[PDB]
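Below is one structure, written out as structure tokens; the observations come after it.
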Amino acid sequence: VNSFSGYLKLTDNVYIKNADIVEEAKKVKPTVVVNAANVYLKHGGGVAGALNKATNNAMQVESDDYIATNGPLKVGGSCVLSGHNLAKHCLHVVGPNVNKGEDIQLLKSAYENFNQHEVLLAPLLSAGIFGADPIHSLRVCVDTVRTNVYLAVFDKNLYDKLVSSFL
Ligand SMILES: OC[C@@H](Nc1ncnc2[nH]ccc12)c1ccccc1
Ligand SMILES: [Cl-]
């Protein structure tokens, strides 16, 4: 039993809700919140901009030190950093950004990172400003993630569209 509330159950392990991931994380304080990161951990917009703003830029400060030490992530890769005031940990995961020409096949690799954590609050990878089809992102999530994932979908039209189209 966990403290996530109001989620629709899609499969044994995947749950979905129309919610603002920032507000959800502040309420639940999950062990892991997933950020829709880029390889440079430059948290400008979308989910990343929102999560970073909610940390008063502490996420960006920590991320800049991480990059200065380790260099960029790989597309499809991840790193674990602090969750600041939002969660115990933040799993920064890089899905392919279609608006940069990156290979959508890497979306499965990106979701594989979730399997290293028993429970996660997460967005749909490569959705929104990363330019992939969200119906496809949800399908890849369900077919790749085996741990317990609570998906927060920003827009109601799409939340409603994803449920009604879910197979
Ligand atoms: O991953 C992309 C996803 N983005 C977010 N998901 C949940 N909460 C969020 N808060 C701020 C951004 C954000 C998204 C899906 C459909 C339409 C637009 C954006
Ligand atoms: Cl977005």
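All of the numbers you see were taken from the coordinates with simple rules; none came from a lab. Here the Cβ is made from the backbone with ideal geometry for all residues, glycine too, and neighbour counts use every protein chain on show.
Go through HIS84, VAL98, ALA58 and say which Cα lies farthest out towards the positive end of the charge dipole of the stretch 58-120; charges sit on Cβ, +1 for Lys and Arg, -1 for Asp and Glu. The one lying farthest along the dipole's positive direction is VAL98.
Relative contact order for the stretch 11-100: 37 percent, from Cα pairs under 8 Å spaced at least 6 residues apart, divided by residue count. Computed over the chain, relative contact order equals 29 percent, with contacts defined as Cα pairs under 8 Å that lie 6+ residues apart. Per-residue ellipticity at 222 nm computed for the chain from its helices equals -10000 deg cm²/dmol, with DSSP H segments shorter than 4 residues left out and the rest contributing -39,500 (n - 2.57). For the chain, a Gaussian network of Cα nodes joined below 10 Å ranks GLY45, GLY101, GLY131 by mean-square fluctuation, and the top entry is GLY101. Above 27 Å, the calculated P(r) of the chain contains 15 percent of its Cα-Cα pairs.
Could you work out the relative contact order of the stretch 74-167, using alpha carbon pairs under 8 angstrom and six or more residues apart, expressed as a whole percent? This gives 24 percent for the stretch 74-167.
Quick one: of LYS42/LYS74; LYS27/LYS53; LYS17/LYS88; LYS17/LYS156; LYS29/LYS156; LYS9/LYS108, which pairs are farther than 18 Å apart, Cα to Cα?
Exceeds cut-off: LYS17/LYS88; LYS29/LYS156; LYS9/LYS108.
By DSSP, what percent of the beta bridges with both residues in the chain are antiparallel, rounded to the nearest 5? Antiparallel: roughly 30 percent of the beta bridges in the chain.
When only the Cβ of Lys, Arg, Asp and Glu is charged (+1, +1, -1, -1), the dipole of the chain relative to its Cα centre reaches about 220 debye.
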